[PDB]
J.: 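One structure, pasted below without further comment.
Basis for what follows: all heavy atoms, side chains included, without hydrogens, waters or symmetry-related copies. Below, chains carry the letters A, B, ... as their sequence lines are ordered, and counting in each starts from 1.
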Amino acid sequence: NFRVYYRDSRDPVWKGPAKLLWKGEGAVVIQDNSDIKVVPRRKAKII
Amino acid sequence: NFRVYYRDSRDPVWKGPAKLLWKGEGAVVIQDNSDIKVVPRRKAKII
Amino acid sequence: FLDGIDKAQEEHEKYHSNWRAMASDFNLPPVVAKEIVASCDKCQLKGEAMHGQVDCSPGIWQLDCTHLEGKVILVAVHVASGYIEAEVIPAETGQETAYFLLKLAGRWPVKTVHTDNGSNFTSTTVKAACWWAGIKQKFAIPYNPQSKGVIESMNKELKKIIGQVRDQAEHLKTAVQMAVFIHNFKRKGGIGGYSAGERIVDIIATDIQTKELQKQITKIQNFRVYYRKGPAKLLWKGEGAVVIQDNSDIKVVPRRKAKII
Amino acid sequence: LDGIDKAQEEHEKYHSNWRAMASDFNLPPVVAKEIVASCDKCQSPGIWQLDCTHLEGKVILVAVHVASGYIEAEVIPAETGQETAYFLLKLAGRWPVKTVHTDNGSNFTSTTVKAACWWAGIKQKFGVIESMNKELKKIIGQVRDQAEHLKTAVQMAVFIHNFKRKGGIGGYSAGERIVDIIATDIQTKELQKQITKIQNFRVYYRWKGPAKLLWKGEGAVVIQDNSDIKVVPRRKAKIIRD
Amino acid sequence: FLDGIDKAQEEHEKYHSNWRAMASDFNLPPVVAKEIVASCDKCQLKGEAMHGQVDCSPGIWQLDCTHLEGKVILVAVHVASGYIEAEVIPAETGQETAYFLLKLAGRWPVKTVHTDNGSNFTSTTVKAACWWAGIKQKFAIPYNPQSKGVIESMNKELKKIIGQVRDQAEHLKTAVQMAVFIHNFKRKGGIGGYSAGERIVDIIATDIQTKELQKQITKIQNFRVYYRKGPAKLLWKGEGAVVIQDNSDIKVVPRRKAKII
Amino acid sequence: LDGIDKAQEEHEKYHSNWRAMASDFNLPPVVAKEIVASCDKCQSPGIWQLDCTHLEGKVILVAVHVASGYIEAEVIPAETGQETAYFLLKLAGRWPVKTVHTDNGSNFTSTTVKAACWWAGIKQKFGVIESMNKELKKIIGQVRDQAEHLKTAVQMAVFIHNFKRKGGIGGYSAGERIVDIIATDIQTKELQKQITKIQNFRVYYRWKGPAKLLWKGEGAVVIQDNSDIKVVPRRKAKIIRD
Amino acid sequence: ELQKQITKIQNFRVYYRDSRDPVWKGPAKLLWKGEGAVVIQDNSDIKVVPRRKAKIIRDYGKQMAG
Amino acid sequence: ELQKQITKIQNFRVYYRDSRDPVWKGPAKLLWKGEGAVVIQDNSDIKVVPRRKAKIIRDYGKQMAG
DNA sequence: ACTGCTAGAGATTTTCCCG
DNA sequence: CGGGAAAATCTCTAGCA
DNA sequence: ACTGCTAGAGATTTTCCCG
DNA sequence: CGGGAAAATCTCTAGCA
Ligand SMILES: C[C@@H]1CCO[C@H]2Cn3cc(C(=O)NCc4ccc(F)cc4F)c(=O)c(O)c3C(=O)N12
Ligand SMILES: C[C@@H]1CCO[C@H]2Cn3cc(C(=O)NCc4ccc(F)cc4F)c(=O)c(O)c3C(=O)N12
Ligand SMILES: [Mg+2]
Ligand SMILES: [Mg+2]
Ligand SMILES: [Zn+2]
Ligand SMILES: [Zn+2]
């Protein structure tokens, strides 16, 4: 599995770790506390 | 001689032509209507 | 390094040192220090340094709203060519956006629109209009203008040209249409040294022509190719290589170890 | 290169146009153009038509590309010169409009429309439009029940006419037809530009008299002398500007 | 092209076409179209695409003020090493800036400060303080943060570390000093894989040592060099080349065509 | 490399330290360190001193680097533990502070100061300070007329003491002295780090018994066997980790 | 028949990008076109490109210029 | 005497940039230091660098490491 | 499951042109 | 095959707000 | 007459290490 | 001299507001 830390939406504070669902070129689909988010890969770190 | 067109200070509109006085690496000293200005070379075009 | 690792984790709880500092100050290997950093949630503060690439298919349009002189301008760009469509509208309302998009669909083969999540673009009127015209709506990741950087850069270009020709018109709508004309037919460059109008005509004509010719070729050229497998479909052959499509997976193999039937 | 004589014979036999020789015999378009222009016996994308139609007390301004039947129409608030000029300036910004045919109406002879056409580089000139208007009205009546406002039904009808209704020889819609016509015009303009660029040179070969240049190839130079096309190697000829 | 040029200037007054469009549409050479564009004041809207380089001398400090949690932080960075100095101050006042800069001058060999044109940095108290300490003030081009991008990037780094360690302190001043400590001694990298404290100590010790050794060498090594000219001073010789200083102009010439006296 | 015997003779004759052999005989610091540590007969940058001084009804907190005489002083609003902890945390953020000597005062034995020292990794321990305080007071009295407030005169005196007053053997100021001392400490720490990194290896040469590694050069390997330093080619020896 | 059509396909030029490369690559020759992929030949090298990453055009200038 | 001092000068390493180049170049060897210029030797190539564009250090790690 | 780009200004490299 | 000049290509930035 | 930078995350290239 | 692994180097971005 993977850990994802992300900056989501107009909020400078980084959040995570979240579960990685889908990794595309440029964006990742994650799950954070039963919430599915789509983040650009610029604003995410996957471990 | 040279013509200088520049963006000066928090004003999006470009101004000129002005007289080139000094051309350094990164900045130019110009004269525009008896006013001497120092502009970064990012914000100036010299012809 | 059991003692060193403990003295590095204890220090990291206080200072959050980067991997180099702990590697140097506790004689840790780079992998061990990097592991110590990677297991600290307080130090996960930077995304990876790249950019995505927008969809550039011949049917996608990027739409956005911009503001000039207190008015609202709705702008659409055909991504593949740079051809734009702009119009001053009374307010950022789903009705105005729906009318504009119905116009664009009636003028050009618009298959998909990619916009941000503004209220006008997510309205039920716009969704009904796109459904009637058979337009697929793609919405950007919220608060990511890079997702539609093409229409954003077009907004910059349009505003620059409007500033250039604002004196020649009296109203903003006239100058906006003048700037649209200038961008579409009076500015050359790009892939073909074209104007945007020429490039869009080339792109769409090419799509039609290539579709028809490929249809004819596939109708005539019917063969099965065995390589290394199953009866792969033949796409292209020649120059010592064969291009095949096996189970909807296009792969390229050399002419050797392959036979065409 | 070697097929120039074949192209000449083909033109003498069938009077084919330069497009055909260029596509078939693998010749540059300039050489085929000269072949087709060397015989005396062998001797639209910019024209739009504007008309105003009234429907349910509202004025609809219709523009038809004559060569294709493609339409651009919209409901305008009033039959005034300003609205006509705005519509024409929009159309010129979307399509290469060279000249517009009009019916000597009040809104078309206004000074605003003339100024807009002057800025846009359009020429104003004062049967297809009537048939197209009737077809547009029929489609509007068909799809009126699907739109509350008349302008939306007008745009839906424009979409249907341009991309859904098909007809003609090859069964293409008006949008495909206008795209093909504009692409052909672009090719014609590119060829004219290349001919103008290369017509200012004079070539001396083997030295013989000056010859008009046709194609400056990578391995040969194609020239014309005494109403005849000859191929000479580049190293055996010199090209100068006059 | 006399007719073509006139039809291109007349079009440019209307559309402001780029050079490619007029070259294509009027058969103009690229130089002629570029000249037509260059003579239009309405089309001079873009500066050249590069960046300058800040002064990195061992004596220059870049100072700035930043804001966090409603408080004001005065920050100074030694440009050559990345070593920072930060302190929470009650207000952006020339008195606070003067006291801070007097402190910095009393702690490190501060020869020149480079700041923006904020009111506190242009105050007469700060000018009097810099005069007493022998500090040269360089002011940036107004509204160009790139002139002090080093201290701007340091503001970003300091705020990130403050966010990392804010819980460990109760007040902002304590956390700011903790972040200063962390940046100076707990983060390695850069030219020498150093911390900022180690790098600043290395830089200043190197400057002192090199100055002394060069003074001794110039006192001992005294020769005049003739090349191609006048009696040029000898700076360095060897490896087939000679470095000389003629009329305060340092140039490098090969060992050939040169004689040392 | 070839000068190892010369360095050994020099140490046996003059008891020189590894810095001298490294600078003179062109040896890596590890080899010279082993040479200087191989003889039994041949056998400060982090210590600061804190004191509180009262001047004109205001409390001045003075920190003196013991090894150099360099000072850091400032006027604090009150003689309290919080202000002392803030001052010490600032000092540790500016200089490598390892341990501070104090006079068992109320503000130094506070829990806040102890917590700050714990976070900063400083050790608290409870004649130079008195002389330095007198010198600081003299300079403050000298330059008081040039400053309205006492804190500004204090900082001016600190500047004068650190960079203008000079004295000692080579006539350097306190700032140059502290810079030299900290640079020497950094070199010492780097050498200790390298020694710790390389002391975990064992080398077999020509196979002979295990030998402690000294330097892994580009063209040779320096080892120690039976209290003797030998140079062997890299291809003639193997290095393993234990 | 078929050869003519294949030649007309190969007469088109494709501009394309790679997944991690932001600069558009030069006009490769078109060999095959699909719903989501195109097969090209760029400098004696055959690649398969997603349709969303490729711009296909017949550059009319060049055509008219041999 | 003089040779010792020259060797100590050449023991220092210089990081520097060029007028139009934003990435810092590697540790060249110091040959001469002046008020406004430094003379270095980067990969068998001698350059003169403005003092404002050069960072001069004796990297202690490396020194202590031979 | 989605995704920076564009056009203009300078600098540098290739190509063409006559020898 | 050799330089110059012209053209093409590459590098890099602001603004999109 | 002055001037973007920094540090961290991934990708790619060099170097070292034992054969 | 040959691969693998580790290390070094290079490329690239956000935030500084
Ligand atoms: C209320 C809706 C819904 C949600 O988001 C807001 C705010 N916003 C902000 C920008 C913008 O910040 N452009 C500057 C920029 C920055 C980076 C880049 F790569 C490209 C760029 F254009 C827009 O363009 C835009 O349309 C909106 C918008 O519409 N909304
Ligand atoms: C009232 C004074 C006087 C005149 O100017 C204003 C406004 N200003 C603006 C920034 C700022 O915009 N930083 C963002 C940023 C953008 C680009 C970049 F390369 C680096 C960057 F940090 C400052 O840092 C700053 O100190 C000021 C300031 O002080 N003042
Ligand atoms: Mg936008
Ligand atoms: Mg700032
Ligand atoms: Zn951490
Ligand atoms: Zn213009």
J.: Which value, in whole Å, describes the distance between the P atoms of nucleotides J:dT11 and L:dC12?
T.: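 Their P atoms lie roughly 10 Å apart.
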
J.: D:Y204 versus D:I240: any side-chain heavy-atom pair under 4.5 Å?
T.: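 Result yes, sub-4.5 Å side-chain heavy-atom pair found.
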
J.: Mind checking whether E:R187 and E:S195 have side chains closer than 4.5 Å, heavy atoms only?
T.: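 SC-SC contact between E:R187 and E:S195 ruled out.
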
J.: Which value, in whole Å, describes the distance between the P atoms of nucleotides K:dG4 and J:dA14?
T.: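 Looking at atom P only, K:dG4 and J:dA14 are 9 Å apart.
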
J.: If each of A:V29 and E:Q44 is mapped to the nucleotide of DNA chain I with the nearest heavy atom, which maps nearer the 5' terminus, i.e. the 5' end?
T.: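 In this pair, the answer is A:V29.
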
J.: Is there a Watson-Crick or G-U wobble pair formed by L:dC1 and K:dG19, both distances less than 3.5 Å?
T.: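 Between L:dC1 and K:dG19, a qualifying pair exists.
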
J.: If you only use heavy atoms from C-beta on, which nucleotide in K:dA9, I:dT3, K:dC17 is closest to the side chain of A:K45?
T.: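 Of the options given, the side chain of A:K45 lies nearest K:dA9.
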
J.: With respect to the side chain of B:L21, which nucleotide from K:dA1, I:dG19, I:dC2 is positioned closest?
T.: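 Comparing K:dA1, I:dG19, I:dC2 against the side chain of B:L21, the answer is K:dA1.
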
J.: What does J:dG4 pair with, Watson-Crick or G-U, if both distances are under 3.5 Å?
T.: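 WC or wobble partner is I:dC16.
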
J.: What I want to check is whether K:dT6 forms a Watson-Crick or wobble pair with L:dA14, both distances being under 3.5 Å.
T.: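 As far as the geometry goes, K:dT6 and L:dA14 are base-paired to each other.
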
J.: Quick check on side chain to side chain contact (heavy atoms under 4.5 Å, CB included): which of H:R17, H:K53, H:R52 does E:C56 satisfy it with?
T.: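 Answer after filtering H:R17, H:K53, H:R52: H:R17.
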
J.: Any strand counts, and the cut-off is 3.5 Å on both contacts for Watson-Crick or G-U wobble. Which nucleotide pairs with K:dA11?
T.: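 Base partner found: L:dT9.
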
J.: Round to the nearest Å and state the distance from E:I191 atom CD1 to K:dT6 atom P.
T.: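 For the pair E:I191 CD1 and K:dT6 P, the rounded distance is 11 Å.
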
J.: Is there a Watson-Crick or G-U wobble pair between L:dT13 and I:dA7, both distances under 3.5 angstrom?
T.: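 Not paired: L:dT13 with I:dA7 fails the WC/G-U check at 3.5 Å.
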
J.: If each of C:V54 and C:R187 is mapped to the nucleotide of DNA chain I with the nearest heavy atom, which maps nearer the 5' terminus, i.e. the 5' end?
T.: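 Checking each residue's closest nucleotide, the 5'-ward one belongs to C:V54.
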
J.: Using a 4.0 Å cut-off on protein heavy atoms (strictly under), produce a 5'-to-3' string for nucleotides 7-17 of chain L with B for base contact, S for backbone-only sugar-phosphate contact, and - for none.
T.: S----BBBBBS

J.: Within the 4.5 Å heavy-atom criterion, are B:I46 and B:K23 side-chain neighbours or not?
T.: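 When only atoms from C-beta onward are counted, B:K23 and B:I46 do touch, with a gap below 4.5 Å.
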
J.: For I:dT3, which nucleotide is its Watson-Crick or G-U wobble mate, given both distances must be under 3.5 Å?
T.: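 Checking every strand shown, I:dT3 finds no partner, since no pair has both distances under 3.5 Å.
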
J.: Does C:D116 pair with C:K148 as a salt bridge, N-O distance under 4.0 Å?
T.: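 Between C:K148 and C:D116 there is a salt bridge, with a charged N closer than 4.0 Å to a carboxylate O.
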
J.: Rounded to the nearest Å, what distance is computed from the NE2 atom of residue E:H78 to the P atom of nucleotide K:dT6?
T.: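 From E:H78 NE2 to K:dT6 P: 13 Å.
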
J.: Please tell me whether L:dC12 and K:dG8 form a Watson-Crick or G-U wobble pair, using a cut-off of 3.5 Å on both distances.
T.: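 Taken together, L:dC12 and K:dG8 make a base pair (Watson-Crick or G-U wobble, both distances under 3.5 Å).
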
J.: Could you check whether any side-chain heavy atom of B:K45 comes within less than 4.5 Å of a side-chain heavy atom of E:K46, counting everything from C-beta outward?
T.: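 In short, these two side chains do not touch, never coming nearer than 4.5 Å.
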
J.: Check each of C:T112, C:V54, C:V150, C:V77 against C:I60 using the side chain to side chain contact (heavy atoms under 4.5 Å, CB included) test, and report the only one that passes.
T.: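 Of all the options given, the one that passes is C:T112.
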
J.: Please state the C1' separation for the pair L:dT9 and J:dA17 - nearest whole angstrom.
T.: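 Approximately 37 Å lies between the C1' atom of L:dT9 and that of J:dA17.
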
